[PDB]
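Shown next as structure tokens: one chain only, the form deposited in one PDB entry.
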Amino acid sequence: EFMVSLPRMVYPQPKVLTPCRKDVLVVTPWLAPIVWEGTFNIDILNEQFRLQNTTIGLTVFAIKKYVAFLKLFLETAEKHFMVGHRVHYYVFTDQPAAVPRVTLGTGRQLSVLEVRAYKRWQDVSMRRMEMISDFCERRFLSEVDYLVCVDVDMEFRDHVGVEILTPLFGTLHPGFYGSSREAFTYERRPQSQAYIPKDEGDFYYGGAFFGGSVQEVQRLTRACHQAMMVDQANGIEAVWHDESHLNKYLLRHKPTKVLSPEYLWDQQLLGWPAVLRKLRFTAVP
């Protein structure tokens, strides 16, 4: 929509002849920014998004025993996720009375959406695509500008803000950002909808953190669900489930921003490398 003028702001001048990072790739070959610390001035971005009255939805599934993760998830989201902006949390659970009472900042609200629990963890994980797509029909189009879709067994430890927002984003999986594409754990069986040949692939995106505009998230989640249903009719389940399908989708429909592994990390397994200036969203050990 129509965008008013930014106010006067004083900040350091961008330096054309100085790279903003000398150690990492900060733009994809299709000219999508790769979001690392040092690539953005959050003061400028916060102005741009506040002037558009941006509302961010954050979807999270807490099914069966994973309700235990919600307290820390939501408490740390309150400290670090889109602070200053309008936020709507959507907690999908089979136990709607077991969502913890977390105190929310002003302009932030939470809705609990009851869903069925599948028996296998694989199905719980995979059926998020259907459940998100179903909810894009009603709630999300009327309530938010962007959707952010994450795993619950996680905590925010540092800023996750409007720098991530764009029509469609994925996040670099922390186990593969330095790997060659042949080592990526894409689905490699041609019988699956998620099949990616050994000579294709840009990145290995993590299934635990993706998002975009409601329109683009509806598209992604619908496509992944329909692909899963084809596989199921054919008696095949992708090797890494929803993540496999997400990877196939983002190969053929390129994201408009890619998040660095700052945004999806596991310190227990991978430590704190020099290349990560901040660890923003991390696995609970």
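Don't overthink the numbering: it's just position in the shown sequence, from 1. Here the rigid core means the biggest group of C-alpha atoms that line up within 1.5 Å when the two forms are laid on top of each other.
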Report task. Going by the average Cα B-factor in the PDB entry, point out whether 6-14 or 263-271 comes out higher. Result -> 6-14
Report task. Would you tell me which stretch averages the higher CA B-factor in the PDB entry, 227-235 or 250-258? Result -> 227-235
Requested in this report: Return the residue from 207, 212, 161, 178 that has the highest Cα B-factor in the entry.
Outcome: 178
Query raised in the report: With respect to the C-alpha temperature factors reported in the PDB entry, which of 172, 194, 141, 152 ranks highest?
Result: 141
Query raised in the report: When the modelled residues of the chain are sorted by Cα temperature factor, does residue 100 land in the lowest, middle or highest third?
Result: highest
Query raised in the report: According to the PDB entry, is the CA B factor of residue 190 in the bottom, middle or top third of its chain, that is, lowest, middle or highest?
Result: highest
**Report entry** Position of residue 133 among the chain's modelled residues by C-alpha B-factor, lowest, middle or highest third
**Finding:** highest
Report summary line: Split the chain's modelled residues into thirds by Cα B-factor; residue 119 lands in the highest
Query raised in the report: Thinking about Cα B factors across the chain, which third does residue 217 belong to?
Result: lowest
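What comes next is about the form deposited in another entry, which is not displayed.
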Query raised in the report: With the two forms superposed on the core, which of 136, 87, 162, 126 shows a CA shift of 2 angstroms or more between this form and the one not shown?
Result: 126
Query raised in the report: Just checking, between this form and the one not shown and with the core aligned, does residue 72 shift 2 Å or more at the CA?
Result: no
Query raised in the report: Is residue 104 one of the residues whose Cα moves 2 Å or more between this form and the one not shown, with the core superposed?
Result: no
Report task. Please say whether, between this form and the one not shown, the C-alpha of residue 117 moves by 2 Å or more once the core is aligned. Result -> yes
Query raised in the report: Are residue 150 and residue 119 closer or farther apart at their Cα atoms in that other deposited form than shown, with the shift being 3 Å or more?
Result: farther
Query raised in the report: Hey, the CA atoms of residue 125 and residue 236 end up closer or farther in that other deposited form than in the shown form, with the change being 3 Å or more?
Result: closer
